[PDB]
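J.: Input file: structure-v2.txt. Contents: compact mmCIF, C-alpha atoms.
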```txt
# COMPACT_ATOMS: atom_id res chain seq x y z
CA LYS A 8 -19.57 -16.80 -14.53
CA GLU A 9 -19.69 -13.60 -12.48
CA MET A 10 -19.69 -14.14 -8.73
CA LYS A 11 -20.32 -10.47 -7.95
CA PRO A 12 -22.51 -9.29 -10.86
CA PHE A 13 -23.51 -5.67 -11.06
CA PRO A 14 -25.38 -4.30 -9.13
CA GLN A 15 -24.10 -5.58 -5.76
CA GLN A 16 -25.75 -2.51 -4.11
CA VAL A 17 -24.06 -3.13 -0.77
CA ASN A 18 -24.77 -1.34 2.50
CA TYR A 19 -21.58 -0.39 4.33
CA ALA A 20 -21.96 0.13 8.07
CA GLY A 21 -22.17 3.78 9.12
CA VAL A 22 -22.55 5.29 5.64
CA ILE A 23 -25.52 6.82 3.83
CA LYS A 24 -26.39 6.64 0.14
CA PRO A 25 -28.45 9.23 -1.71
CA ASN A 26 -31.96 8.50 -0.52
CA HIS A 27 -34.30 10.77 -2.51
CA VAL A 28 -34.30 8.16 -5.31
CA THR A 29 -34.59 4.39 -5.21
CA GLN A 30 -31.67 2.01 -5.41
CA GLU A 31 -32.91 0.94 -8.85
CA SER A 32 -32.60 4.58 -9.90
CA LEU A 33 -29.04 4.78 -8.56
CA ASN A 34 -28.11 1.58 -10.42
CA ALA A 35 -29.70 2.82 -13.65
CA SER A 36 -27.75 6.07 -13.43
CA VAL A 37 -24.52 4.14 -12.99
CA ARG A 38 -25.27 1.83 -15.94
CA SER A 39 -26.01 4.75 -18.25
CA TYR A 40 -22.95 6.65 -17.08
CA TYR A 41 -20.81 3.58 -17.74
CA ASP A 42 -22.24 3.03 -21.23
CA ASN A 43 -21.45 6.66 -22.14
CA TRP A 44 -17.98 6.50 -20.53
CA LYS A 45 -17.15 3.28 -22.36
CA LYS A 46 -18.29 4.63 -25.72
CA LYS A 47 -16.15 7.78 -25.41
CA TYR A 48 -13.02 6.51 -23.63
CA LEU A 49 -12.51 2.74 -23.95
CA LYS A 50 -10.26 2.00 -26.93
CA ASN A 51 -8.85 -1.11 -28.59
CA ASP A 52 -7.14 0.40 -31.63
CA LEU A 53 -3.42 -0.02 -30.90
CA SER A 54 -1.95 -1.13 -34.19
CA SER A 55 1.15 -2.05 -32.14
CA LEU A 56 -0.87 -4.35 -29.82
CA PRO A 57 -3.81 -6.26 -31.32
CA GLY A 58 -6.19 -7.21 -28.55
CA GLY A 59 -4.85 -4.55 -26.17
CA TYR A 60 -7.28 -2.04 -24.64
CA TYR A 61 -6.62 1.32 -23.03
CA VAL A 62 -8.45 4.39 -21.77
CA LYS A 63 -8.18 7.49 -23.94
CA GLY A 64 -6.75 10.40 -21.99
CA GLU A 65 -6.28 13.78 -23.36
CA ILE A 66 -2.64 14.64 -22.71
CA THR A 67 -1.21 17.64 -24.48
CA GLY A 68 2.17 17.36 -26.16
CA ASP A 69 4.56 14.49 -26.66
CA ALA A 70 6.06 12.11 -24.14
CA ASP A 71 9.66 11.23 -25.00
CA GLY A 72 8.77 11.89 -28.63
CA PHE A 73 5.71 9.62 -28.53
CA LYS A 74 2.11 10.82 -28.83
CA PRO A 75 0.52 9.79 -25.50
CA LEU A 76 -2.90 8.16 -25.81
CA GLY A 77 -3.51 7.14 -22.22
CA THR A 78 -1.76 6.59 -18.91
CA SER A 79 -1.38 3.86 -16.34
CA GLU A 80 -3.69 5.96 -14.13
CA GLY A 81 -6.49 5.69 -16.68
CA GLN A 82 -5.66 2.02 -17.25
CA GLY A 83 -6.24 1.42 -13.53
CA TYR A 84 -9.50 3.39 -13.52
CA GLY A 85 -10.77 1.45 -16.53
CA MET A 86 -9.79 -1.91 -15.06
CA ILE A 87 -11.62 -1.23 -11.79
CA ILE A 88 -14.71 0.06 -13.64
CA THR A 89 -14.71 -2.92 -16.01
CA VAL A 90 -14.65 -5.60 -13.29
CA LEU A 91 -17.39 -3.82 -11.33
CA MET A 92 -19.66 -3.61 -14.38
CA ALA A 93 -19.35 -7.34 -15.11
CA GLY A 94 -22.84 -8.84 -14.99
CA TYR A 95 -24.20 -5.90 -16.95
CA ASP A 96 -21.53 -5.66 -19.68
CA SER A 97 -21.32 -9.16 -21.13
CA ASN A 98 -17.92 -8.30 -22.64
CA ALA A 99 -16.45 -7.24 -19.30
CA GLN A 100 -14.04 -10.15 -18.95
CA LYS A 101 -12.74 -9.81 -22.53
CA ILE A 102 -12.25 -6.07 -21.98
CA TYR A 103 -10.55 -6.63 -18.63
CA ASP A 104 -8.14 -9.23 -19.98
CA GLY A 105 -7.37 -6.84 -22.87
CA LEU A 106 -6.64 -4.00 -20.49
CA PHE A 107 -4.39 -6.40 -18.60
CA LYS A 108 -2.59 -7.33 -21.82
CA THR A 109 -1.81 -3.66 -22.39
CA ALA A 110 -0.74 -3.22 -18.75
CA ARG A 111 1.82 -6.04 -18.97
CA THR A 112 2.96 -5.32 -22.54
CA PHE A 113 3.67 -1.68 -21.70
CA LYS A 114 5.65 -2.86 -18.67
CA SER A 115 7.87 -0.42 -16.82
CA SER A 116 11.44 0.07 -18.05
CA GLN A 117 12.48 0.06 -14.40
CA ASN A 118 10.55 -2.63 -12.47
CA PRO A 119 9.03 -4.95 -15.10
CA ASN A 120 6.34 -6.10 -12.66
CA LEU A 121 4.78 -2.59 -12.98
CA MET A 122 3.27 -0.66 -15.90
CA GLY A 123 5.09 2.15 -17.66
CA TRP A 124 3.05 5.28 -17.22
CA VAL A 125 2.34 6.24 -20.89
CA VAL A 126 0.38 4.23 -23.47
CA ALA A 127 1.39 5.22 -27.01
CA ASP A 128 0.79 3.25 -30.21
CA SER A 129 4.37 2.17 -30.84
CA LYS A 130 6.24 -1.04 -30.11
CA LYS A 131 9.13 1.24 -29.08
CA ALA A 132 6.97 2.59 -26.25
CA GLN A 133 6.27 -0.91 -24.88
CA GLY A 134 8.76 -1.11 -22.04
CA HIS A 135 10.12 2.41 -22.56
CA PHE A 136 8.46 4.31 -19.73
CA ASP A 137 8.88 4.22 -15.97
CA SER A 138 5.98 3.73 -13.57
CA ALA A 139 3.61 5.94 -11.61
CA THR A 140 2.51 4.61 -8.23
CA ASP A 141 -1.20 5.39 -8.51
CA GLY A 142 -1.64 3.56 -11.80
CA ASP A 143 -0.10 0.39 -10.44
CA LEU A 144 -2.09 0.64 -7.20
CA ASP A 145 -5.41 0.66 -9.09
CA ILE A 146 -4.25 -2.04 -11.56
CA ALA A 147 -3.11 -4.40 -8.80
CA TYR A 148 -6.30 -3.81 -6.79
CA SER A 149 -8.38 -4.47 -9.91
CA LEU A 150 -6.73 -7.90 -10.14
CA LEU A 151 -8.03 -8.68 -6.65
CA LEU A 152 -11.50 -7.66 -7.82
CA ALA A 153 -11.13 -9.81 -10.94
CA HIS A 154 -10.13 -12.80 -8.78
CA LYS A 155 -13.31 -12.34 -6.72
CA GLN A 156 -15.45 -11.71 -9.81
CA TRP A 157 -14.37 -14.55 -12.07
CA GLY A 158 -11.94 -16.69 -10.10
CA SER A 159 -8.32 -17.38 -10.98
CA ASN A 160 -8.61 -20.79 -12.69
CA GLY A 161 -8.96 -19.45 -16.23
CA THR A 162 -6.64 -17.89 -18.78
CA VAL A 163 -5.33 -15.26 -16.32
CA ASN A 164 -4.47 -16.29 -12.75
CA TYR A 165 -5.75 -13.01 -11.35
CA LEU A 166 -4.79 -13.73 -7.73
CA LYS A 167 -1.22 -14.71 -8.54
CA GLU A 168 -0.89 -11.74 -10.89
CA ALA A 169 -2.16 -9.44 -8.11
CA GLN A 170 0.18 -10.92 -5.49
CA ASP A 171 3.21 -10.62 -7.80
CA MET A 172 2.36 -7.03 -8.77
CA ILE A 173 1.75 -6.07 -5.14
CA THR A 174 4.89 -7.72 -3.74
CA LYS A 175 7.51 -7.76 -6.54
CA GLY A 176 6.20 -4.52 -7.99
CA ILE A 177 4.68 -1.99 -5.63
CA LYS A 178 6.28 -3.06 -2.35
CA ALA A 179 9.70 -3.50 -3.98
CA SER A 180 9.74 -0.15 -5.82
CA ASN A 181 7.19 2.20 -4.20
CA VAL A 182 7.06 1.45 -0.47
CA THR A 183 9.81 3.58 1.00
CA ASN A 184 12.11 2.93 3.93
CA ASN A 185 10.18 5.68 5.77
CA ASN A 186 6.91 3.72 5.24
CA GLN A 187 5.38 6.11 2.71
CA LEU A 188 4.67 5.61 -1.00
CA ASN A 189 7.03 7.28 -3.45
CA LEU A 190 6.02 8.70 -6.82
CA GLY A 191 6.99 5.80 -9.10
CA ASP A 192 9.62 3.18 -9.69
CA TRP A 193 12.07 5.85 -10.92
CA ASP A 194 11.98 7.40 -7.42
CA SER A 195 14.26 6.22 -4.68
CA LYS A 196 13.48 3.75 -1.93
CA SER A 197 14.34 6.45 0.60
CA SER A 198 12.23 9.17 -1.06
CA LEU A 199 10.16 11.46 1.11
CA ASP A 200 8.32 12.85 -1.93
CA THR A 201 4.75 11.57 -2.01
CA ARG A 202 1.42 12.24 -3.77
CA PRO A 203 -1.45 11.92 -1.23
CA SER A 204 -3.93 10.83 -3.91
CA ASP A 205 -1.80 7.66 -4.00
CA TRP A 206 -2.69 7.00 -0.34
CA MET A 207 -5.36 4.51 -1.31
CA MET A 208 -5.96 3.23 2.20
CA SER A 209 -8.69 0.73 1.27
CA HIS A 210 -6.57 -0.81 -1.51
CA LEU A 211 -3.71 -1.18 0.94
CA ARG A 212 -6.05 -2.97 3.34
CA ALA A 213 -6.94 -5.42 0.58
CA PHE A 214 -3.25 -5.92 -0.23
CA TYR A 215 -2.73 -6.92 3.39
CA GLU A 216 -5.74 -9.24 3.39
CA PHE A 217 -4.60 -11.05 0.22
CA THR A 218 -0.83 -11.29 0.95
CA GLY A 219 -0.59 -11.24 4.75
CA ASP A 220 2.35 -8.87 4.44
CA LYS A 221 2.13 -6.50 7.39
CA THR A 222 4.14 -3.89 5.46
CA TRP A 223 0.82 -2.67 4.09
CA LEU A 224 -0.61 -2.02 7.54
CA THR A 225 2.61 -0.30 8.58
CA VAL A 226 2.24 1.99 5.58
CA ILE A 227 -1.46 2.67 6.26
CA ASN A 228 -0.85 3.65 9.87
CA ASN A 229 2.12 5.79 8.96
CA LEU A 230 0.24 7.60 6.22
CA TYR A 231 -2.58 8.45 8.63
CA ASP A 232 0.08 9.80 10.99
CA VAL A 233 1.52 11.85 8.14
CA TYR A 234 -1.86 13.18 7.11
CA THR A 235 -2.52 14.38 10.62
CA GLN A 236 1.00 15.75 11.10
CA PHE A 237 0.59 17.69 7.87
CA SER A 238 -2.93 18.95 8.38
CA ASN A 239 -2.60 20.09 12.00
CA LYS A 240 0.07 22.45 10.76
CA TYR A 241 -0.94 23.39 7.23
CA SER A 242 -4.69 22.97 7.02
CA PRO A 243 -5.96 23.15 10.62
CA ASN A 244 -9.37 24.52 9.56
CA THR A 245 -10.04 22.85 6.19
CA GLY A 246 -8.43 19.43 6.66
CA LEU A 247 -7.13 19.50 3.07
CA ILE A 248 -3.78 18.20 1.80
CA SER A 249 -1.61 19.35 -1.09
CA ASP A 250 -1.14 17.70 -4.50
CA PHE A 251 2.36 16.68 -3.40
CA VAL A 252 3.92 16.44 0.05
CA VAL A 253 7.65 16.53 0.77
CA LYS A 254 10.15 16.13 3.59
CA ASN A 255 9.91 15.11 7.24
CA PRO A 256 8.08 16.69 8.99
CA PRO A 257 5.73 16.64 6.00
CA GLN A 258 5.06 19.94 4.29
CA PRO A 259 3.49 21.19 1.05
CA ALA A 260 5.54 20.66 -2.04
CA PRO A 261 6.91 23.77 -3.74
CA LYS A 262 5.04 25.32 -6.61
CA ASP A 263 5.79 23.84 -10.03
CA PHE A 264 6.66 20.48 -8.51
CA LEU A 265 7.53 18.06 -11.33
CA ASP A 266 6.53 20.97 -13.62
CA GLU A 267 2.89 19.89 -13.21
CA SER A 268 1.36 23.20 -12.15
CA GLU A 269 1.84 26.38 -10.22
CA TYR A 270 -0.50 24.93 -7.55
CA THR A 271 1.32 21.72 -6.53
CA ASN A 272 1.58 23.30 -3.05
CA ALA A 273 -2.22 23.46 -2.82
CA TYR A 274 -5.38 21.31 -3.00
CA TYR A 275 -5.36 21.02 -6.76
CA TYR A 276 -6.08 18.50 -9.50
CA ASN A 277 -4.03 15.65 -8.00
CA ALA A 278 -5.35 16.06 -4.46
CA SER A 279 -8.99 16.43 -5.61
CA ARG A 280 -9.04 12.61 -5.61
CA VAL A 281 -7.95 12.26 -1.96
CA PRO A 282 -11.36 12.41 -0.19
CA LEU A 283 -12.67 9.37 -2.05
CA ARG A 284 -9.49 7.35 -1.42
CA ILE A 285 -9.65 8.16 2.31
CA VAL A 286 -13.39 7.72 2.93
CA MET A 287 -13.46 4.25 1.39
CA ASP A 288 -11.32 3.03 4.30
CA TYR A 289 -14.03 3.99 6.81
CA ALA A 290 -16.74 2.55 4.62
CA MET A 291 -15.13 -0.76 3.77
CA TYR A 292 -12.97 -1.38 6.86
CA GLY A 293 -14.39 0.81 9.64
CA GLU A 294 -11.23 2.90 10.09
CA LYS A 295 -12.16 5.73 12.44
CA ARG A 296 -9.21 7.93 11.38
CA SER A 297 -10.77 7.99 7.92
CA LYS A 298 -14.11 9.20 9.31
CA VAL A 299 -12.31 11.99 11.17
CA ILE A 300 -10.45 13.21 8.06
CA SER A 301 -13.57 12.87 5.89
CA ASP A 302 -15.89 14.74 8.28
CA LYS A 303 -13.42 17.62 8.62
CA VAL A 304 -13.16 18.13 4.84
CA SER A 305 -16.90 17.57 4.31
CA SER A 306 -17.93 20.11 6.94
CA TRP A 307 -15.48 22.65 5.54
CA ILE A 308 -16.70 22.36 1.94
CA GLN A 309 -20.39 22.38 2.94
CA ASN A 310 -19.91 25.60 4.90
CA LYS A 311 -17.71 27.06 2.14
CA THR A 312 -20.43 26.51 -0.47
CA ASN A 313 -23.48 27.20 1.74
CA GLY A 314 -24.62 23.65 0.95
CA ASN A 315 -24.54 24.10 -2.85
CA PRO A 316 -22.33 21.56 -4.71
CA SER A 317 -22.39 23.66 -7.89
CA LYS A 318 -20.41 26.30 -5.97
CA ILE A 319 -17.37 24.01 -5.57
CA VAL A 320 -14.46 25.18 -7.72
CA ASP A 321 -11.47 23.38 -9.27
CA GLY A 322 -8.83 24.09 -6.65
CA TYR A 323 -8.25 25.62 -3.22
CA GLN A 324 -5.36 26.89 -1.20
CA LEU A 325 -4.87 24.85 1.95
CA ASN A 326 -6.51 27.62 4.01
CA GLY A 327 -9.59 27.27 1.80
CA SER A 328 -9.20 30.30 -0.48
CA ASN A 329 -10.42 29.72 -4.03
CA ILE A 330 -8.00 28.93 -6.81
CA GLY A 331 -10.44 27.41 -9.29
CA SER A 332 -13.45 28.86 -11.02
CA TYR A 333 -15.97 26.15 -11.88
CA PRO A 334 -17.44 22.81 -10.70
CA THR A 335 -15.87 19.69 -12.25
CA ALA A 336 -16.58 16.16 -11.08
CA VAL A 337 -13.03 15.20 -10.02
CA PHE A 338 -13.42 17.89 -7.34
CA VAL A 339 -17.18 17.76 -6.67
CA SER A 340 -17.74 14.03 -6.50
CA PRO A 341 -15.03 13.13 -3.94
CA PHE A 342 -16.32 15.94 -1.69
CA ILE A 343 -19.73 14.28 -1.84
CA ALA A 344 -18.16 10.89 -1.12
CA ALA A 345 -16.33 12.34 1.89
CA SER A 346 -19.74 13.32 3.31
CA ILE A 347 -21.31 9.84 3.50
CA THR A 348 -20.13 8.85 7.00
CA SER A 349 -22.58 11.17 8.84
CA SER A 350 -26.36 10.89 8.44
CA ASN A 351 -26.79 14.64 8.99
CA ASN A 352 -25.19 15.10 5.55
CA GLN A 353 -28.15 13.46 3.79
CA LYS A 354 -29.44 16.58 2.01
CA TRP A 355 -25.95 17.49 0.81
CA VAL A 356 -25.33 13.94 -0.44
CA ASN A 357 -28.66 14.02 -2.29
CA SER A 358 -27.79 17.36 -3.90
CA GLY A 359 -24.36 16.07 -4.82
CA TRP A 360 -25.88 13.00 -6.43
CA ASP A 361 -28.13 15.17 -8.54
CA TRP A 362 -25.11 17.21 -9.64
CA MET A 363 -22.88 14.28 -10.56
CA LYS A 364 -25.18 11.57 -11.90
CA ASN A 365 -25.33 12.82 -15.54
CA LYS A 366 -22.31 15.15 -15.49
CA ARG A 367 -20.14 14.49 -18.56
CA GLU A 368 -17.12 16.65 -19.35
CA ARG A 369 -13.74 15.00 -20.15
CA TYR A 370 -11.63 11.90 -19.38
CA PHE A 371 -10.28 12.80 -15.93
CA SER A 372 -13.47 14.06 -14.32
CA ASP A 373 -15.69 11.46 -16.03
CA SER A 374 -13.52 8.51 -15.04
CA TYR A 375 -13.21 9.60 -11.43
CA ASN A 376 -16.90 10.51 -11.32
CA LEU A 377 -17.77 6.97 -12.41
CA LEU A 378 -15.53 5.45 -9.74
CA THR A 379 -17.17 7.75 -7.17
CA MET A 380 -20.70 6.91 -8.34
CA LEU A 381 -19.92 3.20 -8.19
CA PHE A 382 -18.71 3.65 -4.63
CA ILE A 383 -21.50 5.90 -3.29
CA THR A 384 -24.25 3.65 -4.68
CA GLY A 385 -22.87 0.52 -3.00
CA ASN A 386 -21.80 -0.97 -6.28
CA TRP A 387 -18.09 -1.06 -5.43
CA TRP A 388 -18.09 -4.19 -3.28
CA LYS A 389 -15.24 -5.35 -1.02
CA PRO A 390 -12.90 -8.16 -2.15
CA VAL A 391 -12.52 -10.60 0.73
CA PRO A 392 -10.18 -13.63 0.75
CA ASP A 393 -13.22 -15.90 1.12
CA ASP A 394 -16.59 -16.35 2.84
```
Let's see the structure in the file written out as structure tokens.
T.:
Amino acid sequence: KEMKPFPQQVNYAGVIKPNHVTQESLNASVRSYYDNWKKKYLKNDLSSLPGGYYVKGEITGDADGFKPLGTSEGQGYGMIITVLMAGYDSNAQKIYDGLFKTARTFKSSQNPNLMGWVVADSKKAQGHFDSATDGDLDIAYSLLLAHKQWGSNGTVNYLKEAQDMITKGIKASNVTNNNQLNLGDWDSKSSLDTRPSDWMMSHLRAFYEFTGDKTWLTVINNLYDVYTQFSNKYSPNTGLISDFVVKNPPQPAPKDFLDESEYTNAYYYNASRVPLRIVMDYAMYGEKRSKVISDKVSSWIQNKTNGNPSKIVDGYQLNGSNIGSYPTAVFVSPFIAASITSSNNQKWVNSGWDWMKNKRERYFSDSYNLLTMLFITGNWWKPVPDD
């Protein structure tokens, strides 16, 4: 009953795939990576929610006295991965519906159309936590994929669930009056605080195509404006953006923003995800502003590393100075993805593929590496409202 079974192995206009191996090799690498990811991270052991699934994060410490097991961010990653692997994993729909059960049971304490950001094995946690924008973005987008994979005439009306989450959830709570995306449903409607890894341009395009609400296009265009307004001043040579961005005109967040890290003003663990989220817009929708941003970052990192992906480190100041020390896939793999819009990057893309295809480390890097591998092999297909 899959209408888009793995592997869809699509060919987006103007983008290259790794070409030193066959497509069957690329698909086999993705299948193996998924089987290992699923074994290590996909869980269905919530005593407080039989039938609920989640993705096991690490997460040090407690969250409001609860022991955090996963987040809405990982829930969204897992839900996208699961729908895309349908046709290989015969339990994909059961897993997806179980992830959705968790997402709606652990609803946000603020906007109940969203997911609260922490999964913990307690009925008290179900409805206790507020939302985080990126988790709900990936969850809502995954519902569009589910609609196109299985149709919406079964137990879960995926399209209606998507439309409600997009409109009553994300637009209502996270689209700001300044046409940005705020940090979560606890943040204000007039907030100028934003996390650029939430600027999931290609998801926002799909939201527009499946709701017809032009708000999404207004946000896309404005966020491209913001990216350029920020980078021309703060990263004119590298093209990078910081983990968090504040104020108008946009500027790097201060250090220790939200107590996340000393490097919230820099290209750190949140922003490492940006180059994938941006490049997908060029690949799936032909957006030239995405190619411009992607080529600038790709050229910078290739020169920085002398064409060696293993020389990428886990964090950079906006001027390109090293913060990190070692190559991890949440940084490496999006830099490879950013490189796919120019054919003269072929060798670099091939080297990046060899680096990432078997690279297993921990939840955050592995989950984002799998999303990136799905995308760069053509196996993340585009949901379209019909034929």
J.: Got a sec: who's within 8 Å of residue 113 (chain A), counting all atoms listed in the file, leaving out chain neighbours fewer than 6 positions off, as a list in words?
T.: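 Counting all atoms listed in the file, the residues come to residues 122, 123, 126, 132, 133, 134, 135 and 136 of chain A.
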J.: What is the distance, in Å and to one decimal place, between CA of residue 348 (chain A) and CA of residue 221 (chain A)?
T.: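 Answer for the CA of residue 348 (chain A) to CA of residue 221 (chain A) separation: 27.0 Å.
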J.: Residues near residue 155 (chain A), anyone? I mean within 12 Å using only C-alpha atoms, not counting same-chain ones fewer than 4 positions away, as number ranges by chain.
T.: A: 8-12, 90-91, 93, 148-151, 159-160, 164-166, 169, 213, 217, 388-394
J.: Tell me which of A:335, A:384, A:67, A:109 sits closest to residue 50 (chain A), counting only C-alpha atoms.
T.: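 Nearest to residue 50 (chain A): A:109.
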J.: Restricting the calculation to all atoms listed in the file, which member of A:284, A:202, A:114, A:45 is positioned closest to residue 176 (chain A)?
T.: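 That would be A:114, the residue with the smallest distance to residue 176 (chain A).
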J.: In Å to one decimal, how far is CA of residue 58 (chain A) from CA of residue 70 (chain A)?
T.: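 Atom-to-atom, CA of residue 70 (chain A) to CA of residue 58 (chain A), that is 23.3 Å.
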J.: Near residue 99 (chain A), counting only C-alpha atoms, which residues have an atom at most 12 Å away, once you skip same-chain residues fewer than 2 positions from it, shown as a PDB file with C-alpha atoms, keeping the file's coordinate frame?
T.:
```
ATOM      1  CA  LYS A   8     -19.570 -16.800 -14.530  1.00  0.00           C
ATOM      2  CA  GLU A   9     -19.690 -13.600 -12.480  1.00  0.00           C
ATOM      3  CA  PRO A  12     -22.510  -9.290 -10.860  1.00  0.00           C
ATOM      4  CA  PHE A  13     -23.510  -5.670 -11.060  1.00  0.00           C
ATOM      5  CA  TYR A  41     -20.810   3.580 -17.740  1.00  0.00           C
ATOM      6  CA  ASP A  42     -22.240   3.030 -21.230  1.00  0.00           C
ATOM      7  CA  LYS A  45     -17.150   3.280 -22.360  1.00  0.00           C
ATOM      8  CA  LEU A  49     -12.510   2.740 -23.950  1.00  0.00           C
ATOM      9  CA  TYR A  60      -7.280  -2.040 -24.640  1.00  0.00           C
ATOM     10  CA  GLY A  85     -10.770   1.450 -16.530  1.00  0.00           C
ATOM     11  CA  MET A  86      -9.790  -1.910 -15.060  1.00  0.00           C
ATOM     12  CA  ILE A  87     -11.620  -1.230 -11.790  1.00  0.00           C
ATOM     13  CA  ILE A  88     -14.710   0.060 -13.640  1.00  0.00           C
ATOM     14  CA  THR A  89     -14.710  -2.920 -16.010  1.00  0.00           C
ATOM     15  CA  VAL A  90     -14.650  -5.600 -13.290  1.00  0.00           C
ATOM     16  CA  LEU A  91     -17.390  -3.820 -11.330  1.00  0.00           C
ATOM     17  CA  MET A  92     -19.660  -3.610 -14.380  1.00  0.00           C
ATOM     18  CA  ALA A  93     -19.350  -7.340 -15.110  1.00  0.00           C
ATOM     19  CA  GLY A  94     -22.840  -8.840 -14.990  1.00  0.00           C
ATOM     20  CA  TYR A  95     -24.200  -5.900 -16.950  1.00  0.00           C
ATOM     21  CA  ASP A  96     -21.530  -5.660 -19.680  1.00  0.00           C
ATOM     22  CA  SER A  97     -21.320  -9.160 -21.130  1.00  0.00           C
ATOM     23  CA  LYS A 101     -12.740  -9.810 -22.530  1.00  0.00           C
ATOM     24  CA  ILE A 102     -12.250  -6.070 -21.980  1.00  0.00           C
ATOM     25  CA  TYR A 103     -10.550  -6.630 -18.630  1.00  0.00           C
ATOM     26  CA  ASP A 104      -8.140  -9.230 -19.980  1.00  0.00           C
ATOM     27  CA  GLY A 105      -7.370  -6.840 -22.870  1.00  0.00           C
ATOM     28  CA  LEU A 106      -6.640  -4.000 -20.490  1.00  0.00           C
ATOM     29  CA  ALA A 153     -11.130  -9.810 -10.940  1.00  0.00           C
ATOM     30  CA  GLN A 156     -15.450 -11.710  -9.810  1.00  0.00           C
ATOM     31  CA  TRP A 157     -14.370 -14.550 -12.070  1.00  0.00           C
TER      32      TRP A 157
END
```
